[PDB]
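# Working through the structure, step by step
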Amino acid sequence: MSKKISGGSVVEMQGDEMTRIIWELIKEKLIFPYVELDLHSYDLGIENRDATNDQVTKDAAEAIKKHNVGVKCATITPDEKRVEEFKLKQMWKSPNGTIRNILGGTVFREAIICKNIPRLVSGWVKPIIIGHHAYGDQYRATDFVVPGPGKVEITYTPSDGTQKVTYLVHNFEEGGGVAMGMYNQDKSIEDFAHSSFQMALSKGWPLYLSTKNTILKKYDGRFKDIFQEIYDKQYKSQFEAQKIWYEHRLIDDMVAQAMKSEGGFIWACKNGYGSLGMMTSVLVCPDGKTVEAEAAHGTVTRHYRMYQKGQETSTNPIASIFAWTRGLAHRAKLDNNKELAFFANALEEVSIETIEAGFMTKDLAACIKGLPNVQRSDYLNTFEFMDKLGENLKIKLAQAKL
Amino acid sequence: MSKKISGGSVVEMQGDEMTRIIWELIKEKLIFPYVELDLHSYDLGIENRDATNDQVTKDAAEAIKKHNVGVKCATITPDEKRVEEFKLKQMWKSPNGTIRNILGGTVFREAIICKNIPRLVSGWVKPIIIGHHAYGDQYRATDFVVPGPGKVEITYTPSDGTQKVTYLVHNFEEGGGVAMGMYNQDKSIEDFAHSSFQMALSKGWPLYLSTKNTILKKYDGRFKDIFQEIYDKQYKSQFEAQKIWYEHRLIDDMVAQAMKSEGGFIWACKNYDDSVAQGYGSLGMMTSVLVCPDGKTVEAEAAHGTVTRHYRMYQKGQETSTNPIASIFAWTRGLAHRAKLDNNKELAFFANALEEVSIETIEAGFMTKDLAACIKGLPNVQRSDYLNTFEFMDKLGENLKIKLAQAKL
Ligand SMILES: CN1CCN(C)[C@H](CCN2CC[C@H](c3ccc(F)cc3)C2)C1
Ligand SMILES: CN1CCN(C)[C@H](CCN2CC[C@H](c3ccc(F)cc3)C2)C1
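- If you check the header, you'll see the entry was determined by X-ray crystallography and the resolution is listed as 3.30 Å.

- The name recorded for chain B in the PDB entry is Isocitrate dehydrogenase [NADP] cytoplasmic, from Homo sapiens.
- Under the UniProt heading Catalytic activity, the entry covering chain B gives this text: "D-threo-isocitrate + NADP(+) = 2-oxoglutarate + CO2 + NADPH".
- Within the UniProt record for chain B, the comment given under Subunit is "Homodimer."

- Going by the PDB entry, chain A carries the name Isocitrate dehydrogenase [NADP] cytoplasmic and comes from Homo sapiens.
- The heading Catalytic activity in the UniProt record of chain A holds the text "D-threo-isocitrate + NADP(+) = 2-oxoglutarate + CO2 + NADPH".
- Among the UniProt annotations of chain A, the heading Subunit holds the following wording: "Homodimer."

### Thoughts on the site of ligand 2
Residues and elements named next belong to chain B.
- For ligand 2, the full set of nearby residues is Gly284, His304, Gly305, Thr306, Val307, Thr308, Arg309, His310, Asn323 and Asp370.
- Within the contact set of ligand 2, a nitrogen atom lies 3.5 Å away from a backbone nitrogen or oxygen of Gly305.
- With the chains in place, 70% of the 470 Å² that ligand 2 exposes on its own is no longer accessible.
- If you tally residues by element for the shell around ligand 2, the top one is helix 9 (residues 308–315), at three residues.

### Considerations on the sheet that holds strand 13 (residues 266–269) of chain A
All names here are of chain A.
- Spatially, the ten strands line up as an open sheet ordered 2-1-3-15-14-4-5-13-11-12, and their pairing is mixed. Each edge of the open sheet is held by one strand with a lone partner, namely strand 2 (35–43) and strand 12 (246–250).
- Bridge count for strand 11 (residues 207–211) against strand 13 is four bridges, and the pairing is parallel. In the sheet register, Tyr208 faces strand 13, and the bridge partner there is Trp267.
- Of the strands in this sheet, strand 1 (5–14), strand 3 (69–72), strand 4 (106–111), strand 14 (279–284) and strand 15 (291–295) are in contact with helix 5 (residues 95–103), which crosses strand 15 at around 165°.
- Its contacts with the sheet place helix 7 (residues 219–233) against strand 11 and strand 12, and it is angled at close to 155° to strand 11.

### A short note on the pairing of strand 4 (residues 106–110) of chain B
All names here are of chain B.
- Going residue by residue along strand 4, you find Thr106, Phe108 and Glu110 tucked away on one face and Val107 and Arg109 left uncovered on the opposite face.
- Judged from the three bridges that link them, strand 4 and strand 13 (residues 289–291) form a sheet pairing that is antiparallel. Of the residues in strand 13, the one forming a bridge with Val107 is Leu290.

### Some words on helix 7 of chain A
Residue and element names in this part refer to chain A.
- Compared with the 21 Å implied by 1.5 Å per residue over 15 residues, the 22 Å span of helix 7 between its first and last C-alpha is a close match.
- All of the buried residues in helix 7 are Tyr219, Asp220, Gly221, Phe223, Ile226, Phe227, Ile230 and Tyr231.
- Directly beyond the C-terminal end of helix 7, a positive phi value near 70° is found at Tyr235.

### Remarks on the interface of chain A and chain B
- Facing the 45 residues of chain A at the interface are 47 residues of chain B.
- Roughly 4,800 Å² of surface becomes buried between chain A and chain B when both sides are summed, with 64% attributable to carbon and sulfur atoms.
- Applying the counting criterion to the chain A and chain B interface returns zero salt bridges.
- At the junction of chain A with chain B, the criterion picks out 23 residue pairs in polar contact.
- For the side of chain A that touches chain B, the leading source of residues is strand 6 (residues 150–158) of chain A, giving nine residues.
- For the side of chain A that touches chain B, the residue count by class is 25 nonpolar, twelve polar and eight charged.
- In the sheet, strand 9 (residues 178–179) of chain A pairs with strand 10 (residues 183–184) of chain B via two bridges, with the strands oriented antiparallel.

### Considerations on the site of ligand 1
All names here are of chain A.
- What surrounds ligand 1 is the set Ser275, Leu276, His297, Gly298, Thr299, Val300, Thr301, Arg302, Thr315, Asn316 and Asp363.
- Residue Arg302 places a side-chain N or O atom 3.4 Å away from a nitrogen atom belonging to ligand 1.
- Protein chains bury 72% of the 490 Å² of accessible surface belonging to ligand 1 in isolation.
- Residues that form the shell around ligand 1 fall into these classes: two nonpolar, seven polar and two charged.

### Brief notes about the side chain of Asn184 of chain B
- With respect to the helices and strands, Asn184 of chain B occurs in strand 10.
- Within the structure, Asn184 of chain B has its side chain in polar contact with the side chain of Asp137 of chain B (distance 3.3 Å).
- When residues no more than four places from it in sequence are discounted, the contact partners of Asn184 of chain B are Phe172, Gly177 and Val178 of chain A together with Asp137, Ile189 and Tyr219 of chain B.

Conventions and cut-offs
- Residues numbered from 1 in each chain as written, not as in the entry; some residues may be left out.
- Chains lettered and ligands numbered in written order.
- Heavy atoms only, no water.
- Residues with missing side-chain atoms left out of burial classes, pairs and counts.
- UniProt positions renumbered as here; feature names shortened; annotations may be inferred.
- Near = heavy atom within 4 Å.
- Polar contact = N/O pair within 3.5 Å; in protein donor to acceptor, adjacent residues only side chain to side chain.
- Areas by Shrake-Rupley, 256 points an atom, 1.4 Å probe, with all protein chains shown as cover.
- Helix = DSSP H or I, 4+ residues; strand = E, 2+ residues; numbered from the N terminus.
- Pairing = 2+ DSSP bridges.
- Contact = heavy atoms within 4.5 Å.
- Axes fitted to C-alpha atoms, helices over the stretch in contact; angles between N-to-C directions.
- Buried < 20%, exposed > 50% of the residue type's maximum accessible area, 1.4 Å probe, protein only.
- Expected span 1.5 Å × (residues − 1).
- Buried area = accessible area lost by both parts, 1.4 Å probe.
- Salt bridge = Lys/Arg side-chain N within 4 Å of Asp/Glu carboxyl O.
- Nonpolar A, V, L, I, M, F, W, Y, C, P; charged D, E, K, R; others polar.

Given below as structure tokens:
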């Protein structure tokens, strides 16, 4: 290679514990040799967040909002046990939450599938992109305890001083109970519509909506309605191009049609098996520019203690890798970077293809040969698996020089 | 059969399509030859519910409410194409819905475990009974639309008149959306508690309650606060009698714990959609039994659909390979329960013998294309690796004859 690819503007977010070591190995051995980036790196490790009073995570938020691409390493969501581990000054909020609240958009999870790994239904040769709602949860759902008898009613009082409307969720004639309250603004449904519609074009796959409008009068209905409204006003001519179609089926048919399906569609369902190390979540924002990619697991603290105590460790990096490769593939779309485009997809193909050739870590090996029959020779540690990914990537990029 | 065993009073429900065919094969080859029942048989087939204007289903529900055991066959719930198929005069409501709404109770789904069948990933040596809420969650779950900006909020005013809590659920600044309100009575969660202890009490496995506290803390807090007191004030001494117990772990803890445990526990989930490792692959291997809190009346049914695809093969003269194990275990679960109500030791042994010879026969290598595809791989399985539906019934009937004859000697 004459010159390294000109990446462009990407925001990088370092994490902590096991995945922090994976992260550097990934940059050092896979990304940096081949791509130069205008890198906006932030240190979202727990020590620094503690030291900067969580200010650094807010800066990351604002920087993805500007440069439209982010790739994030798994971070510790602390608790009471970890404020003794690091003597935190305060129980900080989740970094992942604080970016989803600031940046907005819709998370999309996808499991990466190798032809020689077990699966739930063995017909799913194409992966399934399941992305439900925003924020990690529809913000709150105020719920109380109704200790004794009395009416519980939910009221809507219009801001323009018009007639108030009460509904009566239940009158408790005798005995206790429990009560609940949800809601869903309208904008968050259009943001959900656009985000999910865009991923259908970005991936060239069909998009399905699933609801329970049969039981819920007009809560789940309002979803169906706004999608049809948006789907016929925009994106309908764009779907006709790339063969993609959209349709809304009932959730109970869709659950069985998933097993009936062969894979390769997007499923947005108004609400975890899978090696826990092959799943990559992507937050796609409503504008269709800014997008944060990251892995869907955690800091792998048990495998970090094996690293701390010097032990051998066999941790799986594919989930983190494909955070880089989705982020880079997105920037290559924005900048119309035809050469970063190919690099990203190539990187995705060695990971999957290096596993298909029998080179994998312990977790993947336990999926095939069962955990009680996994042998040292059936898997690689954490390093020499990256070493094998590295040289396979050098081998493949040299090939694709024509 | 010289004086075959006298099984009690039981309600039978006939279904639709290829499961209706299996139901007759089950009675003809497996049930009737060895048992005599005061049989309250109802025809829930689609064209009968259309002719009775769904009155046959209400009638069959009353019968289970009166006679305490019902054994159902998979039935068609109609849609737009089904009302055009049979030319129905109304898109009738699901019989399962209609009956569950009458009997009430809670539904438990048990996975039938065979040794030579790849069930998830080895490990599990015994099934797992997964139970969910009682009356769905609708009825009075009030939802609606928010026309414009304003404050949506929930107010609890006791019959005491002594206070009033107001919870803002959301203030609409933009204008527009949907809001709702749900609830649950203690009597409804107390029913979950009995039904779930009664089930654990029926078998000999321990009961677990997996709640979610990070999402709806206070809503789910009441569940572990209605179970543990009923367990302690009514069930702990009986559970402490046998090797049973009642604990309470958590969702992300339970799913990590169950992927190492040898199976054998009643699991109460409080979520809204189901098919974890339970509805895995071949639905032909899962039962489903509604339990009324009384512990008397129950209603078994195979957890899969009417298998339309194979009934079309039947109509065109093709040989089929549909798995009857689920419908076969609709009977034994329900016959074993009838035996418990009457101490019918003869019937409990039979029902139990049928659960053995059905698994024995699959473990022996004699199975249907349904299962064989799991072992070999669907393109791999040659004709010679499975059995016809009739072949499979014939070998059950054959091995059940030998299983009942031997222990009778
Ligand atoms: C993500 N959680 C955070 C909390 N705990 C420390 C968990 C313990 C690690 N488990 C054991 C192997 C699995 C695994 C395998 C490969 C991977 F790349 C990641 C995880 C998960 C992991
Ligand atoms: C089970 N429902 C029935 C209602 N639908 C029409 C669905 C189609 C049935 N598919 C055909 C082969 C599978 C199958 C094979 C053996 C079985 F015993 C059950 C299912 C599932 C699913």
